[PDB]
Every structure is written in structure tokens, then in C-alpha cells.
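Each chain, written out:
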There are 6 protein chains.
Amino acid sequence: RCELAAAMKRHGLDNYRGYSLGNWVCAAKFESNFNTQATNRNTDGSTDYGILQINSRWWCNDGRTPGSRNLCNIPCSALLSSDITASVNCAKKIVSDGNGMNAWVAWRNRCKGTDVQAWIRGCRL
Amino acid sequence: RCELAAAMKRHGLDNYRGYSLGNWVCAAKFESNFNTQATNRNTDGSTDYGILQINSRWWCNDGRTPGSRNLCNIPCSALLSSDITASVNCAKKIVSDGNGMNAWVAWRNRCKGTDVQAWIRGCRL
Amino acid sequence: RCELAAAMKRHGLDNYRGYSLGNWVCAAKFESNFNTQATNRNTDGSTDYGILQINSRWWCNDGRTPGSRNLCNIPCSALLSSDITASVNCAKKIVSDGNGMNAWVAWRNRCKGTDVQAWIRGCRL
Amino acid sequence: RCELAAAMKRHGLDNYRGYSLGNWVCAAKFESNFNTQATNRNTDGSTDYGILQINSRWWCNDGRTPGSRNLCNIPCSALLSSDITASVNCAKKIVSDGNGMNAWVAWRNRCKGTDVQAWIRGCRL
Amino acid sequence: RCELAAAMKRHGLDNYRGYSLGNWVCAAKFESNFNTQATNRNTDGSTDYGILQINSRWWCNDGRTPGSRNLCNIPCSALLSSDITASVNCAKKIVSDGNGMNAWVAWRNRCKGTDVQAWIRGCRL
Amino acid sequence: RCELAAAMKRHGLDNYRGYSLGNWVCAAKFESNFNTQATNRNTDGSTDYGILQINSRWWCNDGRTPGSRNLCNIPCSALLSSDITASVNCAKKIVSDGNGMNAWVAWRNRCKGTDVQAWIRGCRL
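Residues numbered from 1 in each chain as written, not as in the entry; some residues may be left out. Chains lettered and ligands numbered in written order. Heavy atoms only, no water.

Chain A appears in the PDB entry as Lysozyme C from Gallus gallus. In the PDB, the title recorded for this entry is "Cryo-EM Structure of Lysozyme Type 2 Amyloid Fibrils". For the record of chain A, the UniProt heading Subunit holds the text "Monomer." For the record of chain A, the UniProt heading Subcellular location holds the text "Secreted". (UniProt positions renumbered as here; feature names shortened; annotations may be inferred.)

See below:
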């Protein structure tokens, strides 16, 4: 007599008014920001809500410079940004060369989210 | 007589008005910011909510410079940012070369989120 | 007679109005900031809430400099930032070379989130 | 030579969102109530306004009185009223007679709101 | 030579959101109540306004009186009232007679709101 | 030569959000109550306003009296009232007679709000 089985129940996440990523095996660059969650109950009033609030009646301007030579102005560059590679440069001559300045190159992946095995080697009747 | 089994129940996370990432085996660069969670109950009043509040009636401007030579101005650069590689430079001559300045290169991954095994070697009847 | 089993129940986290990451085996760069959690109950009043509050009626400006030569101004650079590699430089000549200045290169991973084994070697009837 | 004149300018009241009775010479019964005046400016809220507010979940009722004889019940009579003369009586026998119980009888009026006179008795040329 | 004049300017009251009775010569019964005046400016809140506020979850009721004889109940009578003459009585026999119980009878009025006179007796040329 | 004049300027009251009765010569019964004046400025809050506030969860009721004889109950009578003449009586026999109990009877008035005179007796040319 030789009797055997395998069983597996799965059920995903329950999300209620929320941000949720269950199980991420073997990720590389991940970038989350400002994925905000809020309940507001306002009666007889005024609610403001904000992560970044910049009240700047003169932000990053330039001033009056008559008769000026060889300027290099670069205000408010790469603001709230990702992956700016050798970019937005204020120069007059640029030389770039070589086998350098490499971003996220030449990866090797061997990745299993879940595994189940059932090994039976010999019951012979 | 030879009898055997394998069993596995799974259920994901429960999230209520929240931010949640269950189980991340084998991550590389991860970047979360400002993923805020709030309840507000306002009666007969005024609620303000914010992580970054910058009241700056003159922020990063420049002033009046008539008859000026060979300027290099760079205000409020790379603000609230990630991964700015050899970028946003205030120069006149740039030379770049070589096998250097490398970001996140040449990885090797061998990664299993979950494993279950059931080894049986010989019951022979 | 030869009888055997394997069993495994799992259930994810419960989150209520909160930030939660359960179990992260084998991470590399992780960066969380400002993932704030709040309850506010306001009656008959005014509530302000904020982690960074900068009241700066003159922040990082420049002044009036007529007839000026060979300036190098860089206010409020790399503010609230990550991973700024050889970036946002205030110069006139730049030379870069070599097999240096490397960020997060050439990793090797062998990482299992969970393991279960059941070894049986010989019951032979 | 005999020269003479008479002159009279009049102008009534100015009323703006108001209750106004200018000049009442020689009145008898006058009765004003609840002639209310209000400005309301409501932003982001709830305003209630009222002179008489009576929250009375059981006001002037009667209760359960089985097998009862010769009752005389009179709740909430003459409420917010004027001139109730020998009225709304709870009795079984009423006798009324005579030259009495008189209201506001037999008046005599001689009443001038304004007077102007110009008496000239003899210039005789 | 005989020269003469008479002059009179009048102007009524100015009322702004108000209750106003200028000049009442020779009044008799006058009765003002609850002629209220209000400004309300509400922002982000709840304003209640009232002269009489009676919260009375059991006001002037009667209770349970089974098998009761010869009752005389009179709750909340003549409430907020004027001129209730021999009225709303709780009795069984009433006899009224005579030359009595008289209200506001037999008045005599001689009343001038304003007077102007100009007497000239003899210039005879 | 005989020269003469008379002059009179008048102007009524100025009222702003107010209760005002200028000049009342020769009044009899006057009755003002609750002619209230208010400004309210509410921000982020709750304002209650009231002259009479009666919180009375059991006010002037009666209780349970089974098998009761010859009752005389009169709660909350003549509340906030004027001129209640021989009224709202709790009796069984009433006899009233005579030349008595008289209210506000038989007045005589001779009343001038303003007087101006100009007497000239003899210039005879």
C-alpha cells in the first residue's frame, strides 16, 4: 500500500482605503513617495492638508545685471527628481569619454516567489 | 503500508487606511518618503497639516550685479531628489574619462521568497 | 507501517491607519523618512501640524555686487536629498578619471525568506 | 411799509434694515414685541438664531386617570397673548352682571402733531 | 417800517439696523419686549443666539391619578402675556357683579407734539 | 423801524444697531424687557448667548395621586407676564362685587412736547 497527497490554499491581501504591496521577492530599484492616506471629517470649519507647502513670493529668480559677461545661472534644477545622469550642466566646453559612469548595468537573477516540493523515492509495491 | 502528505495555508495582510508592504525578500535600492497617514476630526475650527512647510518671502534668488564677469550661480539645486550622478555642474570646462564613477552595477541574485520540502527516500513496500 | 506529514499556516500583518513592512530578508539600501502617523481631534480651536516648518523671510539669496569678477555661488544645494555622486559642483575646470568613485557595485546574494524541510531516509517496509 | 413771511421745511426718517416709528403724539395702547433686527455673516459654520426656543419633549399634557369624576384641566392657556377679558374659564356655573369689568372705555382726545402760528395785529399803513 | 418772519427746519431720525421711536408725546400703555438687535460674524464655528431658551424634557404636565374626584388643574397659564382680566379661572361656581374691576377707563387728553408762536401786537405804520 | 424774527432747526437721533427712543414727554405705563444688543465675532469656536436659560428636565409637573379628592393644582402660572387682574384663580366658589379693584382709570393730561413763543406788544411806528 502506497498513499500520498499535496495541498495548498492561497488568498491575497485585503486593502481598505490604503496602499499595499504584498510580497515582492527579488526587486531592484524601488521608489515610492507621497502615497498618502487620510481621513478627514470636517464640521463647521476649514481643513488644509498638504505634505509640501512652499509659500515663496520671490523664489529662485535672478536680479537685474546690465552689461554682464559670461554668466552661468541654474536655479531650482533637479527638484523632486530621480536618475539625472550627467545632466543639466551649466558649462561652455564638455568632453566625456571612457568605459565609466555606468548606471544599473549587467545583473543576473534567479528568483522564485514560492516553492513547494514532495519527494517520494521508492515504495516498490 | 506507506502513507504521506503535505499541506500549506497562506493569507495576505489586512490594511485599513494604511501603508503596508508585507515581506520583500532580496530587495536592492528602496526609497520611501512622505507616505503619510492621518485621521482628522475637526469641529468648529481650522486644522492645517503638512510635513514640509517653507514660508520664505525671498528664497534663493540673486541680487543686482551690473557690469559683472564670469559668474557661476546655482541656487536650490538637487532639492528633494535621488540619484543625481555627475549632474547639474556649474563650470566652464568639463573633462570626464575612465572606468570609474559606476552606480549599482553587476549584481548576482539567487533568492527564494518561501521554500517547503518533503523528502522520502525508501519505504520499499 | 510508515506514516508522515508536513503542515504550515501563514497570515500577513494587520495594519490600522499605520505604516508597516513585515519581514524583509536580505535588503540593501533602504531609505524611509517623513512617513508620519497622526490622529487629530480638534473642537473649537486651530491645530497646525508639520515636521519641517521653516519661516525664513530672507533665506539663501545673494546681495548686490556691481562690477564683480569670477564668482562662485551655490546656495541651498542638495537639500533633503539622497545619492548626489560628484554632482552640482561650482568650478571652472573639471578633470575626472580612473577606476574609482564607485557606488553600490558588484554584489552577490543568496537569500531565502523562509525554509521548511522534512528529511526521511529509510523506512524500508 | 409792512413786510412779513412764514417758512417750514420737513423731511421724514431714514431707515436702513431697521424698525422705526418717528413721532406719535397722543397714542393709547401700543404693543410691540419680537420686532427683531439681525445681521449674520456665516462662513464655514452653523448659526442658529431665535428669541424663544422651547425644547420640551413632554410639555403641558395630562396623564392617565381611569374612572375619574368632575375634572377641570386647562394647560398652556393665554400663551403669548393680549386682551383676554373674562375668557377661557374652567368652571361648571358662570353668572356675570353689572356695570363693571370695563376695558378702555369713554376717552376724550384733543391732539395736534405740530402747530405753527404767525400773529400780526396792526401795521395800519 | 415793520418787517417780520418765522422759520422752522425739521428732519427725522437716522436708523441703521436698529429699533428706534423718536418722540412720543402723551402716550398711555406702551409695551415692548424682545425687540432684539444683533450682529454675528461666524467663521469656522457654531453660534447659538436666544433670549429665552427652556430645555425641559418634562415641563408642566400632570401625572396618573386613577379614581380621582373634583380636580382643578391649570398648568402654564398666562405665559408671556398681557391684559388677562378676570380670565382663565379654575372653579365650579363664578358670580361677578358691580361697578368695579375697570381697566383703562375714562381718560382726557390735551396734547401737542410741537408748538411755535410769533406774537406781534401793534406796529401801527 | 420795527424788525423781528423766529428760527428753529431740529434733527432726530442717529441709531446704529441699537435700541433708542428719544424724548417721550408725558408717558404712562411703559414696559420694555429683553430688547438686547449684541455683537459676536466667533472664529474657530462655539458661542451660546441667552438671557434666560432654564435647563429643567422635570419642571413644574404633578405626581401620581390615585384615589384623590378636591385637588387644586396651578403650576407655572403668570410666567413672564404683565397685567393679570383677578385672573387664573384655583377655587370652587367665586363672588366679586363693588366699586373696587380698578386699574389705570380716569386720568387727565395736558402735555406739550416742545413750546416756542415770541411776544411783541407795541412798537407803534
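Resuming the write-up.
Caption draft 1: Spotlight on the sheet that holds strand β2 (residues 14-16) of chain F. In spatial order, the strands read β2(D)-β2(E)-β2(F); together these 3 strands make up an open sheet with parallel pairing. Every interior strand has two partners, whereas the edge strands, β2 (14-16) of chain D together with β2 of chain F, have only one. Within this sheet the neighbouring strands show an average axis-to-axis angle of 0 degrees, counted without direction. Here β2 of chain D runs beside strand β2 (residues 14-16) of chain E; their pairing, made up of 3 bridges, is parallel. Following the sheet pairing, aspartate 14 of chain D is matched in β2 of chain E by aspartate 14 of chain E. (Pairing = 2+ DSSP bridges. Helix = DSSP H or I, 4+ residues; strand = E, 2+ residues; numbered from the N terminus. Axes fitted to C-alpha atoms, helices over the stretch in contact; angles between N-to-C directions.)

Caption draft 2: How the structure looks around the interface of chain A and chain B. Taken residue by residue, the interface counts 125 residues in chain A and 125 residues in chain B. Here chain A and chain B share an interface that buries about 10,700 Å² over both sides, 46% of which is from carbon and sulfur atoms. Among the residues chain A hides against chain B, the three largest losses belong to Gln37, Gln53 and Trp119 of chain A. Together they make up 6% of the total. For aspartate 83 of chain B, the salt bridge identified is with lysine 29 of chain A, shortest N-O distance 3.1 Å. Considering each element in turn, the side of chain A that touches chain B owes the most residues, 7 residues, to strand β5 (residues 37-43) of chain A. Grouping the amino acids of the side of chain A that touches chain B by side-chain chemistry returns 54 nonpolar, 46 polar and 25 charged. Here 2 bridges tie strand β11 (residues 115-116) of chain A to strand β11 (residues 115-116) of chain B, and the two strands are oriented parallel to one another. Paired with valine 116 of chain A across the bridge in β11 of chain B is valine 116 of chain B. (Contact = heavy atoms within 4.5 Å. Buried area = accessible area lost by both parts, 1.4 Å probe. Salt bridge = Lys/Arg side-chain N within 4 Å of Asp/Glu carboxyl O. Nonpolar A, V, L, I, M, F, W, Y, C, P; charged D, E, K, R; others polar.)

Caption draft 3: The UniProt feature "disulfide bond" in chain A, seen in detail. All names here are of chain A. Of the UniProt disulfides, the one joining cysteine 2 and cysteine 123 is intact in these coordinates, the sulfur pair sitting 2.0 Å apart. Here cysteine 2 is found in strand β1 (residues 2-4), whereas its partner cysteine 123 is found in the segment after β12 (119-121), with 121 residues between them in sequence. On the basis of relative accessibility, which here comes to 29%, the residue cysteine 2 falls in the partly exposed class. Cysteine 123 sits in the buried class, given a relative accessible area of 15%. Agreement with UniProt is obtained for the disulfide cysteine 60 to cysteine 76: its S-S length of 2.0 Å falls short of 2.5 Å. With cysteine 60 in the loop between β7 (52-55) and β8 (82-85) and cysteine 76 in the loop between β7 and β8, this pair connects stretches of sequence that are 16 residues apart. Overall, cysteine 60 belongs to the buried group, its relative accessible area being 18%. (Disulfide = S-S within 2.5 Å. Buried < 20%, exposed > 50% of the residue type's maximum accessible area, 1.4 Å probe, protein only.)

Caption draft 4: Structural context of a nonpolar patch on the surface. A cluster of nonpolar side chains, contributed by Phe34, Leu79 and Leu80 of chain A, occupies part of the molecular surface with about 220 Å² of accessible area. Within the element layout of this structure, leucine 79 of chain A appears in the loop between β7 and β8. (Patch = residues over 30% accessible without salt bridge, like charges linked within 9 Å, V, L, I, M, F, W, Y side chains within 5 Å. Areas by Shrake-Rupley, 256 points an atom, 1.4 Å probe, with all protein chains shown as cover.)

Caption draft 5: Up close: the UniProt feature "binding site: substrate" in chain A. Per the UniProt annotation, the sites labelled "binding site: substrate" are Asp97 of chain A. Checked against the element boundaries, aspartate 97 of chain A lands in the loop between β9 (93-96) and β10 (111-112). Setting aside its immediate chain neighbours within four residues, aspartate 97 of chain A contacts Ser96, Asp97 and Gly98 of chain B.

Caption draft 6: Structural context of the packing of aromatic side chains. The final tally for this structure, using the stated rule, is 60 aromatic pairs over all chains. Considering the side-chain rings of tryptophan 107 of chain B and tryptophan 107 of chain C, the 4.8 Å spacing of their centres and the 0 degrees angle between planes classify their relative orientation as stacked. With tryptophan 107 of chain B in the loop between β9 (93-96) and β10 (111-112) and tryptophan 107 of chain C in the loop between β9 (93-96) and β10 (111-112), this residue pair bridges two chains. Taking the relative accessible area as the measure of exposure, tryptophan 107 of chain B reaches 1% and is therefore buried. For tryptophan 107 of chain C, a relative accessible area of 33% corresponds to the partly exposed category. Within the aromatic cluster, the residues linked to one another by ring pairs are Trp24 and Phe30 of chain A, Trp24 and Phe30 of chain B together with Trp24 and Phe30 of chain C. Sitting above the plane of the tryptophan 58 of chain C ring, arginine 57 of chain B keeps its charged end 5.1 Å from the centroid. (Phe/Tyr/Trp six-rings, centres within 6.5 Å; stacked < 30°, edge-to-face > 60°. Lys NZ or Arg CZ within 6 Å of the ring centre and 35° of its normal.)

Caption draft 7: How the structure looks around the state of the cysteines. If you walk through the whole model with that rule in mind, you get 24 disulfides over all chains. Shown here is the disulfide that connects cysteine 26 of chain A with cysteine 111 of chain A, its sulfur atoms set 2.0 Å apart. Here the disulfide of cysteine 26 of chain A and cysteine 111 of chain A is right-handed, its torsion about the S-S bond being about 60 degrees. Taken as a pair, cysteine 26 of chain A in the loop between β3 (19-21) and β4 (30-33) and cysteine 111 of chain A in strand β10 lie far apart in primary sequence, 85 residues in all. The class for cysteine 111 of chain A is partly exposed, based on a relative accessible area of 29%. With its sulfur 2.0 Å from that of its partner, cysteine 72 of chain F forms a disulfide with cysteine 90 of chain F. Pair noted here: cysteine 72 of chain F is in the loop between β7 (52-55) and β8 (82-85) and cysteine 90 of chain F is in the loop between β8 and β9 (93-96), with a separation of 18 residues, a long-range link. Taking relative accessible area as the criterion, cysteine 72 of chain F reaches 45% and is therefore assigned partly exposed. If you count the bonded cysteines of chain A from the N-terminus, they pair up as 1-8, 2-7, 3-5, 4-6.

Caption draft 8: Here's a closer look at the arrangement of the chains. With no contact formed, the shortest span from any C-alpha in chain C to any C-alpha in chain E equals 7 Å. Separated without contact, chain A and chain F have their nearest C-alpha atoms at a distance of 7 Å.

Caption draft 9: The nonpolar core, seen in detail. Core analysis: the biggest nonpolar cluster contains 18 residues, and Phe34, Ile51, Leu52, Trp59 and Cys76 of chain B have the highest contact counts within it. Every residue in contact with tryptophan 59 of chain B, bar those within four places of it in the chain, is listed here: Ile54, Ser56, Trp58 and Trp59 of chain A, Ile54, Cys76 and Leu79 of chain B together with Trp59, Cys60, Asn61 and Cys76 of chain C. Grouped together as the second largest cluster of nonpolar side chains are 17 residues, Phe34, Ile51, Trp59 and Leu80 of chain E included. (Core = buried A, V, L, I, M, F, W, Y, C linked by side-chain atoms within 4.5 Å.)

Caption draft 10: Layout of the pattern of salt bridges. By the definition in use, this model includes 10 salt bridges over all chains. In this structure, a network of salt bridges that share partners links the residues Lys29 and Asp83 of chain A, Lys29 and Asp83 of chain B together with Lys29 and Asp83 of chain C.

Caption draft 11: Representation of unusual backbone geometry in the model. Residue and element names in this part refer to chain E. Here the phi dihedral of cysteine 76 falls at roughly 55 degrees; this positive angle occurs in a residue that is not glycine. For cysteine 76, a relative accessible area of 0% gives the class buried. Look at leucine 80: it is not a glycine, yet its phi comes out positive at around 65 degrees. Relative to the helices and strands, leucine 80 is located in the loop between β7 (52-55) and β8 (82-85). For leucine 80, a relative accessible area of 14% translates into the label buried.

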